[PDB]
Amino acid sequence: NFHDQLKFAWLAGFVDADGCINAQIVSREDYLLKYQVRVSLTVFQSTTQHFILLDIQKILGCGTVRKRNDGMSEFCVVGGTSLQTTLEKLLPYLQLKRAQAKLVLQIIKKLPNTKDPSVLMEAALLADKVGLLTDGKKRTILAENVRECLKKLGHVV
Amino acid sequence: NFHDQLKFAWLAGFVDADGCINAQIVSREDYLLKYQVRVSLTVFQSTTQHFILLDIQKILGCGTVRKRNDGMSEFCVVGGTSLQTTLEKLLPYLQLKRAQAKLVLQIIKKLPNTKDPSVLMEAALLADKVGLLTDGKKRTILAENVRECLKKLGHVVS
DNA sequence: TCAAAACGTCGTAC
DNA sequence: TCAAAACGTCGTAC
DNA sequence: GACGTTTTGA
DNA sequence: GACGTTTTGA
Ligand SMILES: [Mg+2]
Ligand SMILES: [Mg+2]
């Protein structure tokens with residue numbers, strides 16, 4: 001199978017250098033619990049070399065390619081079912097981001113049960129940990145927010 | 001064997017994303033012909049995770065790591081005899097930057113003979129071609145500079 | 001005279 | 001009600 | 001890179 | 001990233 005391991009290792013190298021394994025709390029008004037924990041693997045490259053994200057998509061067999069209005073393209077794999085399959089491909093080779101993976105994999109464990117406020121609360125605390133491994137300072141929605149809101153919908157978390 | 005090839009594939013993966021396979025013309029005033037063509041593979045990372053550049057050095061067996069003053073670290077392999085050896089490791093796996101690799105290997109071919117003013121000239125012209133690919137155009141110093149100043153040192157190039 | 005080691009920093013690809 | 005597909009953009013790690 | 005935002009559609 | 005520059009030293 002090792003042709004495939006060469007490609008996964010290569011991709012792991014690329015992700016480690018230029019990717020994004022993430023978990024975010026996004027506001028969703030039509031959700032009962034008001035919040036979703038979005039999980040994603042993302043890879044950036046300038047649109048000039050758009051073709052490589054298409055190659056990554058082929059290697060993985062999952063995920064969407066888009067162009068950005070600023071001259072960048074993104075390859076993206078959202079959602080637990082598809083993203084678990086992918087992370088377990090890259091997990092033996094990831095180095096710099098093995099930690100954001102495992103956490104995200106622990107999050108995906110709970111996504112099926114996330115209608116339950118305590119389970120949602122758990123995924124939200126986990127997202128924050130992933131938030132502390134990303135350079136990003138943009139993180140505005142936290143677990144503190146999900147809990148106050150959950151509190152206020154009259155749920156016991 | 002197959003383990004080393006997995007590390008070289010990962011590293012190829014890394015260089016394609018945050019590497020720099022380059023060829024610069026640097027002015028060296030103590031040089032007879034005033035110019036040197038520098039070949040280099042460089043990998044960048046935040047000093048936050050300075051450790052990854054030491055992992056890359058160990059895997060390769062060559063290169064220097066430094067801390068920059070602004071919070072980044074670079075791992076760098078300079079020069080023909082050691083940078084050649086690194087390229088042939090990565091070459092089968094470099095996707096994005098294999099052109100820069102192949103050009104730089106054509107340049108390393110002639111560095112031993114770069115005391116010949118026409119040989120330095122074929123080398124400088126290959127430096128600019130690498131440049132049309134490493135697309136951050138902060139370079140002022142081109143082959144036309146070398147050729148013309150070579151002309152004024154009394155040397156016959158074209 | 002060569003040329004790597006080590007360096008400082010501005011622009012944009014993330 | 002869920003949640004991915006698709007999106008726009010500033011800050012900083014390259 | 002890492003966010004938040006708007007759209008599609010199950 | 002991808003330059004140009006100073007330093008060490010063979
Ligand atoms: Mg990076
Ligand atoms: Mg890159």
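Per chain, numbering begins at 1; letters A, B, ... match sequence-line order. No hydrogens, no waters, no symmetry mates; every other heavy atom, side chains included, goes into these values.
Under a 3.5 Å cut-off, the side chain of A/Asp16 and the backbone N or O of A/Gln95 do form a donor-acceptor pair.
Put simply, B/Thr48 has no side-chain N or O that comes within less than 4.0 Å of OP1 or OP2 on D/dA13. In this structure, A/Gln45 reaches the C/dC14 phosphate: one of its side-chain N or O atoms is under 4.0 Å from OP1 or OP2. Using a 4.0 Å cut-off, no side-chain N or O of A/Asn22 falls inside it from OP1 or OP2 of E/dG1.
Residue-to-nucleotide proximity on DNA chain C shows that, of B/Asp135 and B/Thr114, the 5′-proximal contact is made by B/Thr114. Annotation: of the two residues near DNA chain C, A/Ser46 and B/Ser82, the 5′-most nearest-nucleotide partner is B/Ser82.
Between the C1' atom of E/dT7 and the CG atom of A/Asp30 lies a distance of 12 Å, rounded to the nearest Å. Rounding to whole angstrom units, CG of residue A/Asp116 and P of D/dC2 are separated by 12 Å. Rounded to whole angstrom, the span from the CG atom of B/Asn113 across to the P atom of C/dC2 amounts to 14 Å. Taking atom CZ of residue B/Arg139 and atom P of nucleotide F/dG1, one finds them 14 Å apart after rounding to whole Å. Between the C1' atom of D/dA3 and the CD atom of A/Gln84 lies a distance of 17 Å, rounded to the nearest Å. Atom CD1 of A/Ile25 is separated from atom P of E/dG4 by 9 Å (rounded to the nearest Å). In this entry the distance linking OH of B/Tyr35 with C1' of C/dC2 reads 17 Å, nearest Å. Atom-to-atom, CZ of B/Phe44 to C1' of C/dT12 comes out at 13 Å; the value is rounded to the nearest Å.
If you chain together hydrophobic residues whose side chains sit under 4.5 Å apart, A/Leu103 and A/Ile141 fall into the same group. Hydrophobic cluster membership differs between B/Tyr31 and B/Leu142, with clusters built from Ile, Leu, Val, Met, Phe, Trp and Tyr side chains linked at under 4.5 angstrom.
Here, D/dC14 and F/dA2 have their P atoms 13 Å apart, quoted to the whole Å. As rounded to the nearest Å, C/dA13 and E/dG1 have P atoms that lie 15 Å from one another.
No contact: B/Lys137 has no heavy atom under 4.0 Å from any strand. Residue-level contact check: B/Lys97 touches the backbone only, with heavy atoms under 4.0 Å from sugar-phosphate atoms and none from bases. Among the protein residues, A/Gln36 comes within range of the sugar-phosphate backbone only, with heavy atoms under 4.0 Å from sugar or phosphate atoms but none that close to a base. Here B/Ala17 lies in heavy-atom contact (under 4.0 Å) with sugar-phosphate atoms only. Among the heavy atoms of the strands lying under 4.0 Å from A/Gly19 are primed sugar atoms or P, OP1, OP2 only; no base atom is included.
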Nucleic acid footprint by protein, nucleotides 5-11 of chain C - heavy-atom cut-off 4.0 Å, B for base, S for sugar-phosphate alone: BBBBBB-

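Closest non-hydrogen pair, A/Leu153 versus A/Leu33, comes out as CD1-CA, 4.2 Å. Nearest heavy atom pair, residue A/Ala127 against residue A/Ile25, reads CB-CG1, 4.0 Å. In this structure, A/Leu111 and A/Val37 approach most closely via the heavy-atom pair CD2-O, 3.9 Å. The shortest non-hydrogen separation linking B/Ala17 to A/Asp18 is O-OD2, 3.4 Å.
Closest approach to the B/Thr140 side chain among E/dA2, F/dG4, C/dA4 is made by F/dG4 (side chain taken as heavy atoms from C-beta onward). Closest to the side chain of B/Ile141, out of D/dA3, F/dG4, D/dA13, is F/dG4. Listed nucleotides F/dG1, C/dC14, D/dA13 differ in distance to A/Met72; the shortest reach to its side chain belongs to C/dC14.
For A/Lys102, the NZ atom sits in a loose shell: 12 or fewer heavy atoms of surrounding residues, nucleotides or ligands are nearer than 6.0 Å. Counting heavy atoms of neighbouring residues, nucleotides and ligands inside a 6.0 Å radius, atom NZ of A/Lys34 exceeds 12 of them.
For B/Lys152 and B/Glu148, the salt-bridge test passes: some basic side-chain N is under 4.0 Å from an acidic carboxylate O.
The only option from B/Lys67, B/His50, B/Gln49, B/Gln45 that meets the side chain to side chain donor-acceptor pair (under 3.5 Å) definition with B/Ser73 turns out to be B/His50.
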According to the Watson-Crick and G-U wobble definition with distances under 3.5 Å, which dot-bracket string, read 5' to 3', encodes DNA chain E, using [ ] for crossing pairs and | for pairs with another strand? |||||.||||

